[PDB]
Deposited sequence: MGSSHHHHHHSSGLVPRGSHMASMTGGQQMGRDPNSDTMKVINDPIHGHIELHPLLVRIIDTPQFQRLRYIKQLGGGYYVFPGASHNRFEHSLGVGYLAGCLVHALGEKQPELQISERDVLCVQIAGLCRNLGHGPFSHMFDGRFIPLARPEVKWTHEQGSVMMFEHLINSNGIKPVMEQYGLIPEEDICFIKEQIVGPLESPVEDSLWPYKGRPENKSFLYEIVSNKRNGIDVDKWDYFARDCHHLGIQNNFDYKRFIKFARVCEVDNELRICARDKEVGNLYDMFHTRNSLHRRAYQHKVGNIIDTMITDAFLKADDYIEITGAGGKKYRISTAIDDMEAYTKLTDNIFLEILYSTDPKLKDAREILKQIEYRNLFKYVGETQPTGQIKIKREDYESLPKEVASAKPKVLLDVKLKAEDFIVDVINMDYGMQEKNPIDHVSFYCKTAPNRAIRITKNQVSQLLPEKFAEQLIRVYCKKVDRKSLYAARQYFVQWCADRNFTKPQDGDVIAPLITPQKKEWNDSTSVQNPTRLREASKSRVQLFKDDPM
């Protein structure tokens, strides 16, 4: 067979190798046509209808482009068509593990439905890749095009999820180390997945992005670092890398962590939780699985898509009413109402174990105002969001290697003070959002007082609309002045 050409609005005409086509034309991959990239963001940004499928295509194409560029600039690295096909495949397949509504599923649902297990979309991706390989007879096709299934499949999996366990990888030796920072870079977070979602998400949201990945590619080289071969970026591009991480953060604050989009994620998740017992998904040899257990059999997970949302919505079965009314309340646009936003202070970090107590703290309060309605802990929703640069408290650029024009083979490091004084002093922070499930005017007035007083009692940041929603409470805190 020959190569297929496909037109992507982001990257233009991309060439696809017959093996990649053979991987694409399977139920396991086509499953991604039915999973939205941004999940509930589509209920806020009407343009964001894009799915994981096209994003996967773009990641594969970009992986191929970067590996090919590095290959043509430096032939001494001995990159083969085999390495290219493999990295392209890893790129194509690192999104196979996503559940319905993407990050809502593994970031919100699974932790609440099955709090005893440890699940990540990466692991879902490796399992679904294995299932994909075996159920469709791919191995002989791999062999036809020059791959060695045992070494190569391993290399692909390690590319997607990291080591499956001194040099920890089995798929490629150290002098091809640079094959491992491309599809999913565990060292600093700079990888082609980000590059594709920057361009796609922006193309669809109606926000435009200032990061030029093609430029970074033009300036990328392979360097010798601590006796291994790593990707080196030209020194003069360090600023751009900072901006790359600034851009990411921006995309989170206007779009990915939008208050309403997130509360819609919470509502869909609660609906799914109240539908978890009554929905049956058919898995291996007829055996029956549930939404929360589908992650344990890939034949079941395969049939787990965004469609579940609609299954609940068009359902007539009375055991599903409680969830169905929630999903109907999304259609009528009767959402939980947003109360406000604040931040922790000092060295205070809201740890995961206390996310469960917070609505009670909010419901306690010491307000001192006409208390015409009482709110109980259940009436409050508290969302804690962690905003970082990809490596928690650390600075990712301290983990990137550079080269200069006078010596393009001398890898060097670059520190923050060498760049600018206008950069951040921190690289992680927490945001706290509070919502009230009671939408009436009196419940809102009250919820605001409870909220602000709660913020005062915890020595948190003063709400931006503090003087507004709580005029009688704000002069309680002397340092908010």
| item | value |
| --- | --- |
| Missing stretches, numbered from 1 on the deposited chain sequence and kept in order | 1 to 36, 202 to 207, 524 to 550 |
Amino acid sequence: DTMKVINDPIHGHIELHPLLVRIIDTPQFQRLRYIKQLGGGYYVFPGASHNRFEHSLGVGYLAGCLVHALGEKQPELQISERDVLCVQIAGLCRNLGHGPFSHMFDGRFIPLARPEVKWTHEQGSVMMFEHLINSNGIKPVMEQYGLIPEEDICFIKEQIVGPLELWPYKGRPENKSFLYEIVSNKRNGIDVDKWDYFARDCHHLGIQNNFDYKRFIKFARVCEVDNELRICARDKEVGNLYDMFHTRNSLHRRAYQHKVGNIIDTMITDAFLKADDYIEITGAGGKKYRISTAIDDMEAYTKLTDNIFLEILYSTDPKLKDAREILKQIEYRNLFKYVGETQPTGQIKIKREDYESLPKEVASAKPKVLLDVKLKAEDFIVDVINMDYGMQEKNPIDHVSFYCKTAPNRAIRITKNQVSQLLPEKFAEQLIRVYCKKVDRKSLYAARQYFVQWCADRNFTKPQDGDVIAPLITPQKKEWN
From here on, numbers count along this sequence of modelled residues.
item	value
365 to 373 set against 180 to 188, stretch whose average Cα temperature factor tops the other in the entry	365 to 373
Higher-B stretch (mean Cα B-factor, as the entry records it), 193 to 201 or 270 to 278	270 to 278
Given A456, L66, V59, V44, the residue at which the Cα B factor reaches its maximum	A456
Residue selected from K319, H246, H103, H252 by maximal Cα B factor	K319
Modelled-residue ranking by C-alpha temperature factor, third containing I414	middle
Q430 by Cα B-factor - lowest, middle or highest third of the modelled chain	middle
Record-listed C-alpha B factor of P424: chain third	highest
Cα B factor band for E122 (lowest, middle or highest third within the chain)	middle
Among modelled residues of the same chain, the CA temperature factor third for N95	lowest
